Structure formats: structure tokens, C-alpha cells
Amino acid sequence: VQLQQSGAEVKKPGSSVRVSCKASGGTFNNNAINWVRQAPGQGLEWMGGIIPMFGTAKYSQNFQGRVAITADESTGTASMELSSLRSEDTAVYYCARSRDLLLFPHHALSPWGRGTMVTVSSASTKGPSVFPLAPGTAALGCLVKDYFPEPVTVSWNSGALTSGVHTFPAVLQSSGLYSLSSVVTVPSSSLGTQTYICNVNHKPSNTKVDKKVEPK
Amino acid sequence: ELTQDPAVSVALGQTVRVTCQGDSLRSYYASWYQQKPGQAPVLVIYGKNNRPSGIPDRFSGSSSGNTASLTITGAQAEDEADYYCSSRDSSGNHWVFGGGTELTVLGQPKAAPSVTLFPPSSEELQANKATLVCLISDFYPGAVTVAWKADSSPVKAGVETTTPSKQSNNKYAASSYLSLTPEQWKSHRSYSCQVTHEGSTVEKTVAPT
Numbered sequence: 002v003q004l005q006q007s008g009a010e011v012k013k014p015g016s017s018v019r020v021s022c023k024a025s026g027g028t029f030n031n032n033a034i035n036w037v038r039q040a041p042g043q044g045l046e047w048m049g050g051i052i053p054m055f056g057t058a059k060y061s062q063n064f065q066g067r068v069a070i071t072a073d074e075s076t077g078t079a080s081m082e083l084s085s086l087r088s089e090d091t092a093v094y095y096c097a098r099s100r101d102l103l104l105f106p107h108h109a110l111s112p113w114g115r116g117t118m119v120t121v122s123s124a125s126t127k128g129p130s131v132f133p134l135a136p144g145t146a147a148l149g150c151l152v153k154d155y156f157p158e159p160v161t162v163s164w165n166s167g168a169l170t171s172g173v174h175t176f177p178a179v180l181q182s183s184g185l186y187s188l189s190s191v192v193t194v195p196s197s198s199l200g201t202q203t204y205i206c207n208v209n210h211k212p213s214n215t216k217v218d219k220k221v222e223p224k
Numbered sequence: 003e004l005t006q007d008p009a010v011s012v013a014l015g016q017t018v019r020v021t022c023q024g025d026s027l028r029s030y031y032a033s034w035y036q037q038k039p040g041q042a043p044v045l046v047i048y049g050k051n052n053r054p055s056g057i058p059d060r061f062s063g064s065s066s067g068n069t070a071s072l073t074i075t076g077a078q079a080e081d082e083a084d085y086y087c088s089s090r091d092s093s094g095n096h097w098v099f100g101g102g103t104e105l106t107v108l109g110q111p112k113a114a115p116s117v118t119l120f121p122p123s124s125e126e127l128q129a130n131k132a133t134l135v136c137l138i139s140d141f142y143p144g145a146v147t148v149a150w151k152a153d154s155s156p157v158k159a160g161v162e163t164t165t166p167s168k169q170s171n172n173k174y175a176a177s178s179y180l181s182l183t184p185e186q187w188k189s190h191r192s193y194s195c196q197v198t199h200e201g202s203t204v205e206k207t208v209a210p211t
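If you read the sequences in order, they're chains H and L. So the first sequence is residues 2 to 136, 144 to 224, counted in the entry's author numbering. Terminal number for the second sequence in the entry's author numbering: 211, no gaps in between.
So, in C-alpha cells, the structure goes:
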């Protein structure tokens, strides 16, 4: 039983966002789906939950009036809509399963989805520029420059290459835009012969770009 | 409301205890979540000392009055994380979380930063921009500063530098970016990124040559 969540979003203050949580097995059965958020660098806060089998939901009073959770038991999908958005709603939003109350009185929240980053900002969206960082071992990388908002993801060779990869936390520039880099450490003997490609994804700008990184 | 100590330390291989307190714990059992940087929380203990599948038996829980405790024996570097307690509220309607406890596992070796400095790419120069990229990783403890030089002269303008962030191996990462015109980049003999860590300096240089 795994939970899959919709992708990162950006919304302007005053608007609304809908975030999805999908059950891998196609069904929620008996269970509740809970929504828990985490503002950057802060703790966890429960927002509400639903039992899709009956559609019954309860909400944190911190949000009552601008949160609504619904579900489609037929597609095993649950959605949380947060409206009248404010900057302080910028957070990663998780879904997490709880089991039936009376049958599992002492159980908790598990499993958790991977989280959905939602940024609430009136600043303009900006897709990144991607540049190759050309190379015992050698380091090579990709520069992901001047974008907004978070997040960006980087994979290497379409995810085939994971060992030796380090994707750094973004810098928030004084300009208000972000930049990050991803580097992989590889055997220098491989530089002539092995193709290395970074795959950069920035959902808010609908950016999906590959860059081959060659020796100069 | 649930309260926890903001932080607790433990020596490598030893036993650490994280406490949780609140009136709702009179009604329900606390549950405990482990969260590492950039990751979703993971349930480790619930109910009367129950462990979910795949959680090692080094983790255990107990409860008493309006308190609960998470105990980790034989602490490993890998146990370093934030630990949250949670429970149903006294009403039994909603969920409440404690503020989290930052667990530090001590005894980690001093480690110098690995520094990698990249010059501007051909592609970026062609687009009439120039960014030097200084990438700093695997240092401990997590305190560095970064500075730049043109030839042997300090350069403070056009610099954007992160504060250190904890890596998954409990060492730290940081980065710095220096923006130049192509003309500036071409003008000097070299540029340097200089990283200061624990009274030591790591300087890497690049040259348009």
C-alpha cells in the first residue's frame, strides 16, 4: 500500500490549490487519508482527513472555512483543496494513511506520500537556464540557473545513474531567484567513452531539459 | 498540545531518550516519526511499543501518565534526524504534533570540505554571461564561509552563497556562485573560491586559459 502525490505547484495569493493523493492498489478500503503540511524548516501540522469509503471528513480549526477534502473511491484518489491562499501557506503537503479507528485504536499515520511542494507567491514564475559543468575520479555537473519557484529535480542518465550523484540545495539569490547545481563523481577513465546527461525538471515553468556533459 | 525538548545529543553506540508530554497522552498512545532532511516522515513507534515493518528493534516506546518516550539504543550515525511525537487530541477528532526534537549523534570525525570549482561553460559564455560555481561538500562540523578572489584580490560583488545544509550522511553541503561579465572572466589570470572551515582554508582556482 503506497501513496502517490501530484506534482509541485505555484499559486498566487487569494487563489486555491488542489493536491492529489492516489492509492497504489486502486482502493482506500477502510482507511482514512490525512493531510499534513510542513512549512520550510518547520514542524508538522495536521490539516484534516477523510474516510473515502464514506466520504466523511474532519478539519483542523486553523483552516476550517478554506479547506475541503474530497475523494473518488472508484479511482482510489483523494484531493485536498486549500483556498484563499496566503504566502504563509507555502509548504510541503503530505498525505498519510490511518487505519480504521475502532478496529485499530492505537495505530498511527503510515504510510506517507513523498509530499507535494506548494508555493504561494505573487512573484513571476521563471524557468531555469541549464548549463553543463565540464569535467582517479573527476567531477562533472549541471548548473541550473535563475529560476522561480522551488523545486527543481535533477536526475542523471534518466535515473540510470545514481551512485556518486550530489544535487545541492538551491541558493536563494538577492534577486529573489534560485540556482542549484548537481554534480556526479565518476572515474576519469570513463570521460572519453561514457555519456553523462543531466535531466532537469521544473514543473511550474513546464521545463524538462536534458544536457549532455562532455569534456571540454 | 504536545511538547518535546527541541534537541538532544547522544554518543555513538549509546542510548538516547526523547520525551513527549501533553494531556492528550492520557487518552491515546503517542506515536513517533523520524524525519531526515528533504524526506517525508517515517513512522517508527506506535501504541504500546509497536514497530512497523522494517524498523529495527533499537527503537522502542513507553508511556506514563501524560508523557511518552522514544528510546533508541545503540545509536547509529544514521539515526540522526528530527523526531516528532503525535497523537489524537483529547476529543479524538483530530491529530496533534509535538514541535519535534533534533537528535544529534556525536563522535562524528572532523572532516575537511571537498571543494569543486567550475569555470563558466562555453554555452553560458556564448549567451553572454559567466557564472563560476563553487561546490562544497562532506564537511563537519557544519560551519563554513566562502569567499572569492580575482587574481589575488578579494571580490565581494556578484556573489551568492548558501548557508550550510545537512547532507544525508550527516556531513554538510554548501555552494557559492560568482557572476561576471565574459569580459571580466577573460581579463584576469585566475579566479579563486576560498572556503574557510575550522581554521583551515581550501582554495581552488580556475583560469580562462
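Yeah, the Cβ is synthetic: ideal placement off N, Cα and C, and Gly gets one too.
{"Check": "DSSP state of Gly-56 (chain L) mapped onto helix, strand, coil", "Outcome": "coil"}
{"Check": "Outcome for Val-160 (chain H) when other beta-carbon atoms lying within 10 angstroms are tallied against a minimum of 16", "Outcome": "buried"}
{"Check": "Collapsed DSSP secondary structure at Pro-212 (chain H) in the structure displayed", "Outcome": "helix"}
{"Check": "Buried/exposed call for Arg-87 (chain H), threshold 16 Cβ in 10 Å", "Outcome": "exposed"}
{"Check": "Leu-27 (chain L), DSSP secondary structure in three states", "Outcome": "helix"}
{"Check": "Meets three-Cβ-pair contact criterion under 8 angstroms: the segment 144-156 of chain L and the segment 190-204 of chain L", "Outcome": "yes"}
{"Check": "As assigned by DSSP and simplified to three states, the class of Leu-86 (chain H)", "Outcome": "coil"}
{"Check": "Partner residues on chain L for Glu-46 (chain H), Cβ-Cβ distance less than 7 angstroms", "Outcome": "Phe-99"}
{"Check": "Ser-92 (chain L) versus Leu-4 (chain L) - alpha carbon distance", "Outcome": "11 angstroms"}
{"Check": "Range covered by the alpha helix (DSSP H) that runs through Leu-188 (chain H)", "Outcome": "Element bounds for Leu-188 (chain H): not the alpha helix (DSSP H) but the beta strand (DSSP E), 186-195."}
{"Check": "Cβ-based neighbour list, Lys-224 (chain H), same chain, cut-off 6 angstroms, excluding 5 preceding and 5 following", "Outcome": "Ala-135"}
{"Check": "Cα-Cα separation, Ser-84 (chain H) to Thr-78 (chain H)", "Outcome": "20 angstroms"}
{"Check": "Neighbour list for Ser-123 (chain L) in chain H, Cβ cutoff strictly below 8 angstroms", "Outcome": "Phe-132, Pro-133, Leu-134, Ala-135 and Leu-151"}
{"Check": "Exposure of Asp-218 (chain H), with buried meaning 16 or more beta-carbon neighbours within 10 Å", "Outcome": "exposed"}
{"Check": "Per-residue DSSP class, three states only, for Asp-218 (chain H)", "Outcome": "strand"}
{"Check": "Same chain, Cβ closer than 7 angstroms to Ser-163 (chain H), neighbours up to 5 away in sequence not counted", "Outcome": "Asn-207"}
{"Check": "Inter-stretch contact at 8 angstroms, needing at least 3 Cβ pairs: the segment 111-130 of chain L / the segment 78-98 of chain L", "Outcome": "no"}
{"Check": "Stretch pair the segment 41-51 of chain H + the segment 120-127 of chain H: three plus CB contacts closer than 8 angstroms", "Outcome": "no"}
{"Check": "Inter-residue Cα distance where the pair is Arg-53 (chain L) and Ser-80 (chain H)", "Outcome": "29 angstroms"}
{"Check": "Per-residue burial, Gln-3 (chain H) [other beta carbons within 10 Å of its own, 16 or more giving buried]", "Outcome": "exposed"}
{"Check": "Of the listed residues L:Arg-19, L:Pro-210, L:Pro-8 and L:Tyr-35, nearest to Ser-111 (chain H) (C-alpha basis)", "Outcome": "L:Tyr-35"}
{"Check": "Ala-33 (chain H) versus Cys-22 (chain H) - alpha carbon distance", "Outcome": "12 angstroms"}
{"Check": "Separation of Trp-113 (chain H) from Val-44 (chain L), as counted between CA atoms", "Outcome": "7 angstroms"}
{"Check": "Contact set for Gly-27 (chain H): own chain, Cβ-Cβ below 7 angstroms, skip 5 residues either direction", "Outcome": "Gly-77"}
{"Check": "Top-ranked residue by Cα proximity to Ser-155 (chain L), from L:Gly-100, L:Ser-177 and L:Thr-207", "Outcome": "L:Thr-207"}
{"Check": "Residues of the segment 62-88 of chain L whose Cβ lies closer than 9 angstroms to any Cβ of chain H, in chain order", "Outcome": "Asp-84, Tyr-86 and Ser-88"}
{"Check": "Any chain H beta carbon closer than 8 angstroms to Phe-120 (chain L)", "Outcome": "yes"}
{"Check": "Neighbour list for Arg-115 (chain H) in chain L, Cβ cutoff strictly below 9 angstroms", "Outcome": "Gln-41 and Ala-42"}
{"Check": "Contact with chain B by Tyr-95 (chain H), beta-carbon distance below 8 angstroms", "Outcome": "In the displayed structure, chain B is absent; the protein chains listed are H and L."}
{"Check": "For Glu-80 (chain L), the first and last residue of its enclosing alpha helix (DSSP H)", "Outcome": "Unbroken run through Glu-80 (chain L): none, as it is neither H nor E."}
{"Check": "Beta-carbon spacing of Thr-133 (chain L), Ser-181 (chain L) below 8 angstroms", "Outcome": "yes"}
{"Check": "Cutoff 8 angstroms: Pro-157 (chain H) Cβ touching any chain L Cβ", "Outcome": "no"}
{"Check": "Where the alpha helix (DSSP H) through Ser-189 (chain L) begins and ends", "Outcome": "184-189"}
{"Check": "As assigned by DSSP and simplified to three states, the class of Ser-198 (chain H)", "Outcome": "helix"}
{"Check": "Neighbour flag for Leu-45 (chain L) against chain H, beta carbons, 8 angstroms", "Outcome": "yes"}
{"Check": "Whether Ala-70 (chain L) touches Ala-9 (chain L) by CB criterion (8 angstroms)", "Outcome": "no"}
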